[PDB]
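A.B. asks: Protein sequence lines, in the order shown, are assigned to chains A and B. Number 428 in full-length UniProt numbering belongs to position 19 of the first sequence; there are no gaps in the numbering. Number 462 in full-length UniProt numbering belongs to position 53 of the second sequence; there are no gaps in the numbering. Input: one structure, supplied below.
Protein chains: 2
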Amino acid sequence: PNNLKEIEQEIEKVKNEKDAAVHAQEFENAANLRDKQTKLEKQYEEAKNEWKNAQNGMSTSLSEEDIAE
Amino acid sequence: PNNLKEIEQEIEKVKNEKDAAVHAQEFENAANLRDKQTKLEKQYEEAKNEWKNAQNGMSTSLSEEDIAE
């Protein structure tokens, strides 16, 4: 429910920018992009873990409204 | 005459080190390698430009010793 797509897009754009800057002979700006990508990946992993942990707390039982729908 | 090779051999090591560092996810050390490569290329170009002037200035007279040899 719109939790991980936004983080995935931020990783994708940073990866594309780093790939574009590699061929441009821009080594000074690549370290910041690499650090930002690593931080984004760590945050994405933490968000995925905390999202999948919260689902096990409750049970997705079936009520009479779902069958009627 | 130990003037062109001594500088040409210094380019391959720097290029290989930069290529290895790029694939090693180490973008912090690449700036120094790029700067050193640029400085070495400038020095090599200046040496190559100044080396041919002496050869062009002199005349390659064909002596009779070469025919005998």
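Note that CB positions come from ideal geometry on N, CA and C, so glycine has one too.
The alpha helix (DSSP H) with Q434(A) in it runs from where to where?
C.D. replies: Careful: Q434(A) lies outside any alpha helix (DSSP H) and carries neither H nor E.
A.B. asks: Please determine whether the Cβ atom of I476(A) lies at a distance below 7 Å from any heavy atom of the ligand MN.
C.D. replies: The model on display carries no ligand, and the ligand MN is accordingly not part of it.
A.B. asks: Compare the C-beta of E419(A) against all C-beta atoms of chain B and say whether one is closer than 8 Å.
C.D. replies: no
A.B. asks: Can you list, in chain order, the residues of its chain with a C-beta nearer than 8 Å to that of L442(B)? Leave out the 5 residues immediately preceding and following it.
C.D. replies: The residues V423, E426, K427, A430, in chain order, have a CB closer than 8 Å to that of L442(B) in the same chain once the five nearest residues on each side in sequence are set aside.
A.B. asks: Is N411(B) helix, strand or coil when you go by DSSP?
C.D. replies: coil
A.B. asks: Compute the beta-carbon to beta-carbon distance between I416(B) and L449(B), rounded to the nearest angstrom, for a pair I have assumed lies under 8 Å.
C.D. replies: 7 Å
A.B. asks: Who are the near neighbours of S472(B) in its chain, counting only those whose CB is closer than 8 Å to its CB and skipping five residues on each side?
C.D. replies: So the list is empty, once near-sequence residues are dropped.
A.B. asks: Measure the Cβ-Cβ separation of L413(A) and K461(A) and say whether it is below 8 Å.
C.D. replies: no
A.B. asks: Would you kindly check if the distance between the Cβ of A433(A) and the Cβ of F436(B) is under 8 Å?
C.D. replies: no
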